Amino acid sequence: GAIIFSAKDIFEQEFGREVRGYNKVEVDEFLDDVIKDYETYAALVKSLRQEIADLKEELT
Amino acid sequence: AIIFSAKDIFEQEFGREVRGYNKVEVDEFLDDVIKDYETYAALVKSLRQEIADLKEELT
Amino acid sequence: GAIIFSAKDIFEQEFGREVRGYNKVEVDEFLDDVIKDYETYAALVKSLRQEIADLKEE
Amino acid sequence: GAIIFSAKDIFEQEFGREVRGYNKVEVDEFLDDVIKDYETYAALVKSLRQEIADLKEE
């Protein structure tokens, strides 16, 4: 299926306030790393598609 | 350079503070993040297979 | 990256030839319409994602 | 209505014969992936429009 979130969306996500909700620093630092993972995967899919496209064109 | 698996997203726990984030909103957000990790993993898997097959065919 | 091609890739796509081939004008002009569908789909996803964002603000 | 073709239209498209025309395997297999993109876009749009109905209901 398609990807729900961009790395932009991950970063822009705001959460409402809740008394005794999750520690904001823990969630924020966690999503900081999740952002890096979205960027890596998005770039990895692009390079793989580019490799396929080059190989198909080679095959031609 | 991948830091997390979907397993790690699911297993991630957080402390609480008085001015915290709404826990349902976070958990419901991370449930979709898990879906995205697994979609990416499966998409990468299938692409690396298409690449291996094309390389076989180029020989 | 669940979408394989951009509209640019459709535009750039080249084919070799064979003896019992497909008519080049027919394929070409068909892909010129596929190109429009890719552009339309990309702009519709972009407009819908904007409606979703705005809705989160309200 | 602004989409010209359905994924099923892409599949059903026939091209006439041209001697030394385009390689059928290359065109067919290209269009197989175009099909997957029409299916993906159509699923995606539906899914975005559902989320919109969801946020309005909420």
# chains A, B, ... in the order shown; residues from 1 in each chain; ligands from 1
>>> calpha_fit_and_write(fixed="chain C", moving="chain D", output="mmCIF file with N, CA, C and O atoms, in the first residue's frame")
data_model
loop_
_atom_site.group_PDB
_atom_site.id
_atom_site.type_symbol
_atom_site.label_atom_id
_atom_site.label_comp_id
_atom_site.auth_asym_id
_atom_site.auth_seq_id
_atom_site.Cartn_x
_atom_site.Cartn_y
_atom_site.Cartn_z
ATOM 1 N N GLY D 1 5.781 6.120 -1.465
ATOM 2 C CA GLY D 1 6.681 5.274 -2.220
ATOM 3 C C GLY D 1 6.049 4.143 -3.007
ATOM 4 O O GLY D 1 6.730 3.498 -3.827
ATOM 5 N N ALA D 2 4.750 3.919 -2.826
ATOM 6 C CA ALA D 2 4.121 2.782 -3.474
ATOM 7 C C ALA D 2 3.814 3.032 -4.966
ATOM 8 O O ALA D 2 3.381 2.105 -5.649
ATOM 9 N N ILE D 3 4.034 4.248 -5.484
ATOM 10 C CA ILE D 3 3.865 4.539 -6.902
ATOM 11 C C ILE D 3 5.152 4.174 -7.654
ATOM 12 O O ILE D 3 6.247 4.574 -7.264
ATOM 13 N N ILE D 4 5.037 3.409 -8.737
ATOM 14 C CA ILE D 4 6.246 2.940 -9.422
ATOM 15 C C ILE D 4 6.870 4.060 -10.250
ATOM 16 O O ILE D 4 8.072 4.326 -10.132
ATOM 17 N N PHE D 5 6.042 4.752 -11.061
ATOM 18 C CA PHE D 5 6.442 5.667 -12.126
ATOM 19 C C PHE D 5 5.963 7.091 -11.848
ATOM 20 O O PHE D 5 4.886 7.298 -11.318
ATOM 21 N N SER D 6 6.701 8.065 -12.339
ATOM 22 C CA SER D 6 6.265 9.451 -12.409
ATOM 23 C C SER D 6 5.694 9.759 -13.787
ATOM 24 O O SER D 6 6.015 9.094 -14.791
ATOM 25 N N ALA D 7 4.874 10.816 -13.868
ATOM 26 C CA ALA D 7 4.441 11.238 -15.207
ATOM 27 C C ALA D 7 5.650 11.430 -16.137
ATOM 28 O O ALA D 7 5.592 11.105 -17.329
ATOM 29 N N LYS D 8 6.760 11.937 -15.606
ATOM 30 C CA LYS D 8 7.950 12.136 -16.431
ATOM 31 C C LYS D 8 8.590 10.794 -16.814
ATOM 32 O O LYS D 8 9.055 10.644 -17.950
ATOM 33 N N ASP D 9 8.521 9.780 -15.934
ATOM 34 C CA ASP D 9 8.969 8.435 -16.311
ATOM 35 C C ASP D 9 8.167 7.898 -17.481
ATOM 36 O O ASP D 9 8.727 7.230 -18.364
ATOM 37 N N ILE D 10 6.839 8.099 -17.457
ATOM 38 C CA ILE D 10 5.991 7.607 -18.552
ATOM 39 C C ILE D 10 6.437 8.248 -19.856
ATOM 40 O O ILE D 10 6.668 7.567 -20.859
ATOM 41 N N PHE D 11 6.591 9.573 -19.846
ATOM 42 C CA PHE D 11 7.059 10.264 -21.050
ATOM 43 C C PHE D 11 8.430 9.747 -21.531
ATOM 44 O O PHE D 11 8.617 9.478 -22.721
ATOM 45 N N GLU D 12 9.382 9.566 -20.615
ATOM 46 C CA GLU D 12 10.757 9.214 -20.950
ATOM 47 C C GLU D 12 10.935 7.759 -21.384
ATOM 48 O O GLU D 12 11.984 7.424 -21.930
ATOM 49 N N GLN D 13 9.943 6.903 -21.150
ATOM 50 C CA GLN D 13 10.042 5.493 -21.483
ATOM 51 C C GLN D 13 10.324 5.319 -22.965
ATOM 52 O O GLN D 13 9.614 5.872 -23.809
ATOM 53 N N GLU D 14 11.381 4.584 -23.280
ATOM 54 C CA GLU D 14 11.716 4.242 -24.654
ATOM 55 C C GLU D 14 11.480 2.746 -24.824
ATOM 56 O O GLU D 14 11.571 1.969 -23.869
ATOM 57 N N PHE D 15 10.988 2.365 -25.962
ATOM 58 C CA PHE D 15 10.868 0.961 -26.282
ATOM 59 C C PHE D 15 11.818 0.619 -27.425
ATOM 60 O O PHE D 15 12.014 1.418 -28.340
ATOM 61 N N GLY D 16 12.397 -0.564 -27.369
ATOM 62 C CA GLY D 16 13.258 -0.989 -28.445
ATOM 63 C C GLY D 16 12.450 -1.320 -29.673
ATOM 64 O O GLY D 16 11.242 -1.489 -29.613
ATOM 65 N N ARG D 17 13.137 -1.365 -30.798
ATOM 66 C CA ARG D 17 12.508 -1.685 -32.085
ATOM 67 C C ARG D 17 12.139 -3.166 -32.173
ATOM 68 O O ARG D 17 12.892 -4.041 -31.741
ATOM 69 N N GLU D 18 10.939 -3.435 -32.672
ATOM 70 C CA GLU D 18 10.515 -4.775 -33.070
ATOM 71 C C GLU D 18 9.891 -4.685 -34.452
ATOM 72 O O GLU D 18 8.949 -3.911 -34.644
ATOM 73 N N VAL D 19 10.396 -5.475 -35.412
ATOM 74 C CA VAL D 19 9.778 -5.532 -36.731
ATOM 75 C C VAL D 19 8.405 -6.160 -36.597
ATOM 76 O O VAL D 19 8.274 -7.253 -36.038
ATOM 77 N N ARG D 20 7.387 -5.478 -37.127
ATOM 78 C CA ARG D 20 5.953 -5.808 -36.964
ATOM 79 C C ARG D 20 5.527 -5.739 -35.480
ATOM 80 O O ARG D 20 4.544 -6.386 -35.050
ATOM 81 N N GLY D 21 6.240 -4.953 -34.696
ATOM 82 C CA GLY D 21 5.853 -4.688 -33.322
ATOM 83 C C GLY D 21 4.714 -3.685 -33.269
ATOM 84 O O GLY D 21 4.061 -3.380 -34.269
ATOM 85 N N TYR D 22 4.464 -3.182 -32.064
ATOM 86 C CA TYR D 22 3.308 -2.298 -31.851
ATOM 87 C C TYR D 22 3.467 -0.955 -32.583
ATOM 88 O O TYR D 22 4.546 -0.378 -32.617
ATOM 89 N N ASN D 23 2.344 -0.419 -33.059
ATOM 90 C CA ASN D 23 2.312 0.840 -33.784
ATOM 91 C C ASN D 23 2.756 1.942 -32.843
ATOM 92 O O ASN D 23 2.158 2.137 -31.779
ATOM 93 N N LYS D 24 3.808 2.668 -33.220
ATOM 94 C CA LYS D 24 4.345 3.689 -32.310
ATOM 95 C C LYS D 24 3.341 4.812 -32.047
ATOM 96 O O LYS D 24 3.211 5.292 -30.917
ATOM 97 N N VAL D 25 2.659 5.281 -33.079
ATOM 98 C CA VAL D 25 1.681 6.354 -32.894
ATOM 99 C C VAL D 25 0.610 5.920 -31.893
ATOM 100 O O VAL D 25 0.285 6.648 -30.951
ATOM 101 N N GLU D 26 0.074 4.711 -32.052
ATOM 102 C CA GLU D 26 -0.931 4.283 -31.087
ATOM 103 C C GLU D 26 -0.368 4.212 -29.669
ATOM 104 O O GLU D 26 -1.062 4.573 -28.715
ATOM 105 N N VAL D 27 0.838 3.665 -29.484
ATOM 106 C CA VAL D 27 1.342 3.523 -28.126
ATOM 107 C C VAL D 27 1.659 4.905 -27.543
ATOM 108 O O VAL D 27 1.288 5.246 -26.405
ATOM 109 N N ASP D 28 2.377 5.712 -28.320
ATOM 110 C CA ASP D 28 2.750 7.050 -27.906
ATOM 111 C C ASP D 28 1.503 7.848 -27.467
ATOM 112 O O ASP D 28 1.501 8.512 -26.425
ATOM 113 N N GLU D 29 0.444 7.818 -28.273
ATOM 114 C CA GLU D 29 -0.738 8.649 -27.975
ATOM 115 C C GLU D 29 -1.581 8.096 -26.827
ATOM 116 O O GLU D 29 -2.201 8.865 -26.069
ATOM 117 N N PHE D 30 -1.622 6.773 -26.703
ATOM 118 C CA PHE D 30 -2.116 6.171 -25.470
ATOM 119 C C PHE D 30 -1.322 6.650 -24.259
ATOM 120 O O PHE D 30 -1.899 7.081 -23.247
ATOM 121 N N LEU D 31 0.007 6.593 -24.332
ATOM 122 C CA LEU D 31 0.769 6.948 -23.153
ATOM 123 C C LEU D 31 0.671 8.426 -22.870
ATOM 124 O O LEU D 31 0.866 8.827 -21.720
ATOM 125 N N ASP D 32 0.437 9.263 -23.911
ATOM 126 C CA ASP D 32 0.159 10.696 -23.690
ATOM 127 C C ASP D 32 -1.035 10.885 -22.743
ATOM 128 O O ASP D 32 -1.022 11.744 -21.841
ATOM 129 N N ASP D 33 -2.062 10.074 -22.903
ATOM 130 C CA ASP D 33 -3.182 10.200 -21.976
ATOM 131 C C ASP D 33 -2.888 9.577 -20.609
ATOM 132 O O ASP D 33 -3.390 10.082 -19.580
ATOM 133 N N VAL D 34 -2.090 8.489 -20.568
ATOM 134 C CA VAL D 34 -1.629 7.931 -19.293
ATOM 135 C C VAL D 34 -0.900 9.012 -18.519
ATOM 136 O O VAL D 34 -1.166 9.224 -17.339
ATOM 137 N N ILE D 35 -0.049 9.775 -19.206
ATOM 138 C CA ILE D 35 0.619 10.930 -18.613
ATOM 139 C C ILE D 35 -0.391 11.877 -17.974
ATOM 140 O O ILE D 35 -0.231 12.304 -16.822
ATOM 141 N N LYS D 36 -1.450 12.221 -18.713
ATOM 142 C CA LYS D 36 -2.417 13.166 -18.170
ATOM 143 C C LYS D 36 -3.067 12.602 -16.907
ATOM 144 O O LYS D 36 -3.238 13.330 -15.932
ATOM 145 N N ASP D 37 -3.322 11.281 -16.868
ATOM 146 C CA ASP D 37 -3.868 10.630 -15.672
ATOM 147 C C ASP D 37 -2.886 10.637 -14.488
ATOM 148 O O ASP D 37 -3.309 10.834 -13.327
ATOM 149 N N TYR D 38 -1.604 10.376 -14.723
ATOM 150 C CA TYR D 38 -0.607 10.510 -13.634
ATOM 151 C C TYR D 38 -0.546 11.936 -13.117
ATOM 152 O O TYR D 38 -0.459 12.157 -11.891
ATOM 153 N N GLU D 39 -0.590 12.922 -14.033
ATOM 154 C CA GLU D 39 -0.629 14.328 -13.600
ATOM 155 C C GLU D 39 -1.891 14.632 -12.803
ATOM 156 O O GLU D 39 -1.835 15.330 -11.777
ATOM 157 N N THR D 40 -3.030 14.106 -13.242
ATOM 158 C CA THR D 40 -4.299 14.361 -12.552
ATOM 159 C C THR D 40 -4.338 13.713 -11.174
ATOM 160 O O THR D 40 -4.723 14.348 -10.179
ATOM 161 N N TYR D 41 -3.977 12.434 -11.098
ATOM 162 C CA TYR D 41 -3.910 11.746 -9.816
ATOM 163 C C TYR D 41 -2.959 12.448 -8.863
ATOM 164 O O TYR D 41 -3.306 12.711 -7.710
ATOM 165 N N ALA D 42 -1.769 12.806 -9.339
ATOM 166 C CA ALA D 42 -0.810 13.482 -8.469
ATOM 167 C C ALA D 42 -1.348 14.829 -7.963
ATOM 168 O O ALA D 42 -1.231 15.136 -6.762
ATOM 169 N N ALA D 43 -1.988 15.627 -8.838
ATOM 170 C CA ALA D 43 -2.622 16.873 -8.387
ATOM 171 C C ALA D 43 -3.723 16.586 -7.392
ATOM 172 O O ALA D 43 -3.889 17.296 -6.379
ATOM 173 N N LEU D 44 -4.482 15.538 -7.656
ATOM 174 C CA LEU D 44 -5.641 15.246 -6.825
ATOM 175 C C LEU D 44 -5.210 14.867 -5.415
ATOM 176 O O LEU D 44 -5.735 15.432 -4.454
ATOM 177 N N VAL D 45 -4.288 13.888 -5.291
ATOM 178 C CA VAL D 45 -3.696 13.439 -4.007
ATOM 179 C C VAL D 45 -3.150 14.626 -3.211
ATOM 180 O O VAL D 45 -3.451 14.800 -2.031
ATOM 181 N N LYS D 46 -2.320 15.455 -3.843
ATOM 182 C CA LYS D 46 -1.834 16.674 -3.200
ATOM 183 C C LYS D 46 -2.981 17.515 -2.633
ATOM 184 O O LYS D 46 -2.897 18.064 -1.519
ATOM 185 N N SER D 47 -4.054 17.656 -3.417
ATOM 186 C CA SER D 47 -5.167 18.514 -3.038
ATOM 187 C C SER D 47 -5.966 17.907 -1.877
ATOM 188 O O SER D 47 -6.440 18.611 -0.979
ATOM 189 N N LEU D 48 -6.183 16.602 -1.927
ATOM 190 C CA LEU D 48 -6.749 15.903 -0.793
ATOM 191 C C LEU D 48 -5.828 15.980 0.426
ATOM 192 O O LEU D 48 -6.302 16.160 1.552
ATOM 193 N N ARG D 49 -4.510 15.849 0.247
ATOM 194 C CA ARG D 49 -3.684 15.863 1.458
ATOM 195 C C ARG D 49 -3.618 17.266 2.034
ATOM 196 O O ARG D 49 -3.488 17.437 3.249
ATOM 197 N N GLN D 50 -3.749 18.282 1.196
ATOM 198 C CA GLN D 50 -3.869 19.629 1.739
ATOM 199 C C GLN D 50 -5.143 19.792 2.552
ATOM 200 O O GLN D 50 -5.124 20.390 3.652
ATOM 201 N N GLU D 51 -6.264 19.277 2.035
ATOM 202 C CA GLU D 51 -7.500 19.421 2.783
ATOM 203 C C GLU D 51 -7.377 18.734 4.133
ATOM 204 O O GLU D 51 -7.865 19.233 5.141
ATOM 205 N N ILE D 52 -6.701 17.596 4.172
ATOM 206 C CA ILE D 52 -6.496 16.901 5.433
ATOM 207 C C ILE D 52 -5.709 17.760 6.424
ATOM 208 O O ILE D 52 -6.107 17.900 7.583
ATOM 209 N N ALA D 53 -4.556 18.307 5.996
ATOM 210 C CA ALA D 53 -3.803 19.241 6.836
ATOM 211 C C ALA D 53 -4.661 20.418 7.270
ATOM 212 O O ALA D 53 -4.475 20.959 8.373
ATOM 213 N N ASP D 54 -5.604 20.823 6.421
ATOM 214 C CA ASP D 54 -6.481 21.936 6.771
ATOM 215 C C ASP D 54 -7.468 21.546 7.852
ATOM 216 O O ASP D 54 -7.811 22.364 8.704
ATOM 217 N N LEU D 55 -8.009 20.344 7.777
ATOM 218 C CA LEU D 55 -9.037 20.016 8.751
ATOM 219 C C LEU D 55 -8.404 19.712 10.100
ATOM 220 O O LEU D 55 -8.938 20.110 11.141
ATOM 221 N N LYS D 56 -7.221 19.070 10.092
ATOM 222 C CA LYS D 56 -6.455 18.882 11.326
ATOM 223 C C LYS D 56 -6.056 20.222 11.949
ATOM 224 O O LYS D 56 -6.204 20.413 13.161
ATOM 225 N N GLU D 57 -5.581 21.180 11.139
ATOM 226 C CA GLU D 57 -5.256 22.500 11.689
ATOM 227 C C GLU D 57 -6.473 23.137 12.324
ATOM 228 O O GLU D 57 -6.362 23.820 13.351
ATOM 229 N N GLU D 58 -7.647 22.846 11.789
ATOM 230 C CA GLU D 58 -8.901 23.401 12.269
ATOM 231 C C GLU D 58 -9.503 22.546 13.373
ATOM 232 O O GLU D 58 -9.899 23.086 14.425
#
>>> select_by_dssp(residues="range 11-44 of chain C", states="strand (DSSP E or B)", output="ChimeraX atom specification")
/C:17-22
>>> interface_residues(of="chain A", to="chain C", cutoff="9 Å", atoms="only C-alpha atoms", output="ChimeraX atom specification")
/A:1-3,41-42,45-46,49,57,60
>>> write_last_selection(atoms="N, CA and C atoms", output="PDB file, in the first residue's frame")
ATOM      1  N   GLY A   1       0.809  -1.214   0.000  1.00  0.00           N
ATOM      2  CA  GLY A   1       0.000   0.000   0.000  1.00  0.00           C
ATOM      3  C   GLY A   1       0.845   1.268   0.000  1.00  0.00           C
ATOM      4  N   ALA A   2       0.222   2.429   0.132  1.00  0.00           N
ATOM      5  CA  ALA A   2       1.051   3.615   0.068  1.00  0.00           C
ATOM      6  C   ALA A   2       1.413   4.067   1.474  1.00  0.00           C
ATOM      7  N   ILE A   3       2.478   4.840   1.525  1.00  0.00           N
ATOM      8  CA  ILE A   3       3.007   5.370   2.756  1.00  0.00           C
ATOM      9  C   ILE A   3       2.024   6.394   3.301  1.00  0.00           C
ATOM     10  N   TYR A  41      14.510   5.497   4.329  1.00  0.00           N
ATOM     11  CA  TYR A  41      13.680   4.642   3.502  1.00  0.00           C
ATOM     12  C   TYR A  41      13.242   5.353   2.243  1.00  0.00           C
ATOM     13  N   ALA A  42      12.806   6.610   2.354  1.00  0.00           N
ATOM     14  CA  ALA A  42      12.321   7.246   1.135  1.00  0.00           C
ATOM     15  C   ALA A  42      13.441   7.304   0.108  1.00  0.00           C
ATOM     16  N   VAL A  45      14.170   3.690  -1.343  1.00  0.00           N
ATOM     17  CA  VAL A  45      13.214   3.298  -2.413  1.00  0.00           C
ATOM     18  C   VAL A  45      13.523   4.010  -3.730  1.00  0.00           C
ATOM     19  N   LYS A  46      13.815   5.315  -3.690  1.00  0.00           N
ATOM     20  CA  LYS A  46      14.166   6.047  -4.908  1.00  0.00           C
ATOM     21  C   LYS A  46      15.376   5.451  -5.608  1.00  0.00           C
ATOM     22  N   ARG A  49      14.501   2.103  -7.224  1.00  0.00           N
ATOM     23  CA  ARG A  49      13.759   2.295  -8.464  1.00  0.00           C
ATOM     24  C   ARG A  49      14.666   2.816  -9.554  1.00  0.00           C
ATOM     25  N   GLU A  57      16.653  -0.418 -18.838  1.00  0.00           N
ATOM     26  CA  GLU A  57      17.169   0.274 -20.016  1.00  0.00           C
ATOM     27  C   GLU A  57      18.437  -0.399 -20.552  1.00  0.00           C
ATOM     28  N   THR A  60      17.451  -3.352 -22.447  1.00  0.00           N
ATOM     29  CA  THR A  60      17.209  -2.792 -23.782  1.00  0.00           C
ATOM     30  C   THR A  60      18.508  -2.220 -24.368  1.00  0.00           C
TER      31      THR A  60
END
>>> closest_atom_pairs(of="chain A", to="chain B", cutoff="8 Å", atoms="only C-alpha atoms", output="CSV")
residue,atom,partner,partner_atom,distance
A:1,CA,B:39,CA,6.7
A:2,CA,B:39,CA,7.4
A:3,CA,B:36,CA,5.5
A:4,CA,B:36,CA,6.4
A:5,CA,B:36,CA,7.3
A:15,CA,B:21,CA,5.6
A:16,CA,B:22,CA,5.5
A:17,CA,B:21,CA,5.0
A:18,CA,B:22,CA,4.6
A:19,CA,B:18,CA,4.9
A:20,CA,B:18,CA,4.4
A:21,CA,B:20,CA,4.0
A:22,CA,B:16,CA,4.4
A:23,CA,B:16,CA,4.7
A:24,CA,B:20,CA,5.9
A:26,CA,B:14,CA,6.2
A:27,CA,B:14,CA,6.9
A:33,CA,B:3,CA,7.0
A:34,CA,B:4,CA,7.4
A:36,CA,B:2,CA,7.8
A:37,CA,B:2,CA,5.5
A:40,CA,B:1,CA,6.7
A:41,CA,B:40,CA,6.5
A:44,CA,B:44,CA,7.7
A:45,CA,B:44,CA,6.3
A:48,CA,B:47,CA,6.4
A:49,CA,B:47,CA,7.2
A:51,CA,B:51,CA,7.4
A:52,CA,B:51,CA,5.9
A:55,CA,B:54,CA,6.7
A:56,CA,B:54,CA,7.3
A:59,CA,B:58,CA,6.1
>>> select_by_dssp(residues="chain D", states="helix (DSSP H, G or I)", output="PyMOL selection string")
chain D and resi 7-12+24-57
>>> write_last_selection(atoms="N, CA and C atoms", output="compact mmCIF listing (two decimals), in the first residue's frame")
# COMPACT_ATOMS: atom_id res chain seq x y z
N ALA D 7 -7.62 1.52 -14.56
CA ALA D 7 -6.62 0.44 -14.64
C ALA D 7 -7.07 -0.64 -15.64
N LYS D 8 -8.37 -0.93 -15.69
CA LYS D 8 -8.86 -1.94 -16.63
C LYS D 8 -8.77 -1.45 -18.08
N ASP D 9 -8.95 -0.14 -18.32
CA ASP D 9 -8.71 0.41 -19.66
C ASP D 9 -7.27 0.21 -20.09
N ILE D 10 -6.32 0.44 -19.17
CA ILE D 10 -4.90 0.26 -19.51
C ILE D 10 -4.66 -1.18 -19.94
N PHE D 11 -5.15 -2.12 -19.13
CA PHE D 11 -5.00 -3.54 -19.48
C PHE D 11 -5.64 -3.87 -20.85
N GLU D 12 -6.85 -3.38 -21.10
CA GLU D 12 -7.62 -3.73 -22.29
C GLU D 12 -7.11 -3.07 -23.57
N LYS D 24 6.59 -5.68 -28.28
CA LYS D 24 5.38 -5.91 -27.49
C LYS D 24 5.70 -6.24 -26.03
N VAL D 25 6.69 -7.07 -25.79
CA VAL D 25 7.05 -7.43 -24.41
C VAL D 25 7.41 -6.16 -23.63
N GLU D 26 8.24 -5.30 -24.21
CA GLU D 26 8.57 -4.08 -23.47
C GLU D 26 7.34 -3.23 -23.20
N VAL D 27 6.45 -3.05 -24.18
CA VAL D 27 5.32 -2.17 -23.95
C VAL D 27 4.36 -2.81 -22.93
N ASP D 28 4.04 -4.08 -23.16
CA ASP D 28 3.15 -4.82 -22.29
C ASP D 28 3.64 -4.74 -20.82
N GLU D 29 4.93 -4.98 -20.60
CA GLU D 29 5.44 -5.03 -19.22
C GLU D 29 5.58 -3.65 -18.58
N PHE D 30 5.90 -2.65 -19.39
CA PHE D 30 5.73 -1.27 -18.94
C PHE D 30 4.29 -0.99 -18.53
N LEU D 31 3.32 -1.36 -19.37
CA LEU D 31 1.96 -1.00 -19.03
C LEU D 31 1.47 -1.80 -17.85
N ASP D 32 2.03 -3.02 -17.63
CA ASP D 32 1.72 -3.78 -16.40
C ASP D 32 2.05 -2.95 -15.14
N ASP D 33 3.15 -2.23 -15.17
CA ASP D 33 3.44 -1.39 -14.01
C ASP D 33 2.59 -0.12 -13.98
N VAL D 34 2.25 0.45 -15.16
CA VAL D 34 1.31 1.57 -15.22
C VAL D 34 0.01 1.15 -14.56
N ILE D 35 -0.46 -0.06 -14.85
CA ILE D 35 -1.63 -0.63 -14.19
C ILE D 35 -1.48 -0.58 -12.67
N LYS D 36 -0.33 -1.04 -12.16
CA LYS D 36 -0.15 -1.06 -10.72
C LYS D 36 -0.23 0.35 -10.14
N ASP D 37 0.30 1.36 -10.87
CA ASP D 37 0.21 2.76 -10.44
C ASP D 37 -1.24 3.29 -10.47
N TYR D 38 -2.02 2.97 -11.49
CA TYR D 38 -3.45 3.35 -11.48
C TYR D 38 -4.18 2.70 -10.32
N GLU D 39 -3.88 1.42 -10.05
CA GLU D 39 -4.48 0.76 -8.88
C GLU D 39 -4.05 1.42 -7.58
N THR D 40 -2.78 1.79 -7.47
CA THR D 40 -2.27 2.42 -6.25
C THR D 40 -2.86 3.81 -6.04
N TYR D 41 -2.84 4.64 -7.07
CA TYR D 41 -3.45 5.96 -6.99
C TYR D 41 -4.92 5.87 -6.63
N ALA D 42 -5.66 4.98 -7.30
CA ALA D 42 -7.08 4.85 -7.00
C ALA D 42 -7.32 4.41 -5.55
N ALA D 43 -6.54 3.44 -5.04
CA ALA D 43 -6.65 3.06 -3.63
C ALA D 43 -6.30 4.23 -2.73
N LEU D 44 -5.28 4.97 -3.11
CA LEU D 44 -4.79 6.04 -2.26
C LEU D 44 -5.83 7.14 -2.12
N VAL D 45 -6.35 7.65 -3.26
CA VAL D 45 -7.43 8.67 -3.32
C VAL D 45 -8.63 8.25 -2.47
N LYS D 46 -9.13 7.03 -2.68
CA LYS D 46 -10.20 6.50 -1.85
C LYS D 46 -9.87 6.61 -0.36
N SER D 47 -8.63 6.26 0.00
CA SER D 47 -8.23 6.23 1.40
C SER D 47 -8.12 7.64 1.99
N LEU D 48 -7.57 8.56 1.21
CA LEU D 48 -7.60 9.96 1.58
C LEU D 48 -9.04 10.49 1.66
N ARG D 49 -9.91 10.11 0.72
CA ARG D 49 -11.25 10.69 0.81
C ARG D 49 -12.01 10.10 1.98
N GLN D 50 -11.70 8.87 2.36
CA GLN D 50 -12.29 8.35 3.58
C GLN D 50 -11.82 9.12 4.80
N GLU D 51 -10.52 9.43 4.87
CA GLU D 51 -10.04 10.16 6.03
C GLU D 51 -10.73 11.51 6.11
N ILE D 52 -10.97 12.14 4.97
CA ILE D 52 -11.67 13.42 4.96
C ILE D 52 -13.08 13.29 5.53
N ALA D 53 -13.86 12.32 5.04
CA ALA D 53 -15.18 12.04 5.61
C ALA D 53 -15.09 11.75 7.10
N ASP D 54 -13.98 11.15 7.53
CA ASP D 54 -13.81 10.86 8.95
C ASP D 54 -13.57 12.12 9.76
N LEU D 55 -12.79 13.04 9.23
CA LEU D 55 -12.47 14.20 10.05
C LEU D 55 -13.65 15.15 10.09
N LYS D 56 -14.39 15.27 8.97
CA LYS D 56 -15.64 16.03 8.96
C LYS D 56 -16.67 15.42 9.92
N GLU D 57 -16.82 14.09 9.92
CA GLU D 57 -17.75 13.47 10.87
C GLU D 57 -17.35 13.79 12.30
>>> decode(residues="range 29-39 of chain B", atoms="N, CA, C and O atoms", output="compact mmCIF listing (two decimals), in the first residue's frame")
# COMPACT_ATOMS: atom_id res chain seq x y z
N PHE B 29 -1.13 7.70 16.49
CA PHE B 29 -0.11 8.09 15.52
C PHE B 29 0.92 6.97 15.29
O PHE B 29 1.24 6.60 14.14
N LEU B 30 1.46 6.40 16.38
CA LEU B 30 2.51 5.41 16.17
C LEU B 30 1.99 4.13 15.51
O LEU B 30 2.73 3.45 14.80
N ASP B 31 0.73 3.78 15.76
CA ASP B 31 0.15 2.66 15.03
C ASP B 31 0.28 2.84 13.51
O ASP B 31 0.54 1.87 12.80
N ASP B 32 0.12 4.07 13.00
CA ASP B 32 0.27 4.23 11.56
C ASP B 32 1.73 4.26 11.15
O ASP B 32 2.06 3.73 10.09
N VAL B 33 2.60 4.84 11.98
CA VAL B 33 4.05 4.76 11.78
C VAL B 33 4.53 3.29 11.66
O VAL B 33 5.34 2.97 10.79
N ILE B 34 4.01 2.40 12.50
CA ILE B 34 4.30 0.97 12.36
C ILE B 34 3.92 0.47 10.97
O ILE B 34 4.64 -0.35 10.38
N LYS B 35 2.75 0.87 10.47
CA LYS B 35 2.31 0.44 9.16
C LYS B 35 3.28 0.91 8.10
O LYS B 35 3.64 0.15 7.19
N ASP B 36 3.72 2.15 8.22
CA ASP B 36 4.72 2.70 7.29
C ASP B 36 6.07 1.98 7.36
O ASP B 36 6.69 1.76 6.30
N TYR B 37 6.57 1.64 8.56
CA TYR B 37 7.81 0.85 8.59
C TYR B 37 7.64 -0.48 7.84
O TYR B 37 8.55 -0.94 7.14
N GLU B 38 6.50 -1.13 8.01
CA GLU B 38 6.34 -2.45 7.41
C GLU B 38 6.09 -2.35 5.90
O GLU B 38 6.54 -3.22 5.14
N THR B 39 5.41 -1.30 5.48
CA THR B 39 5.25 -1.03 4.05
C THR B 39 6.61 -0.78 3.38
O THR B 39 6.95 -1.37 2.36
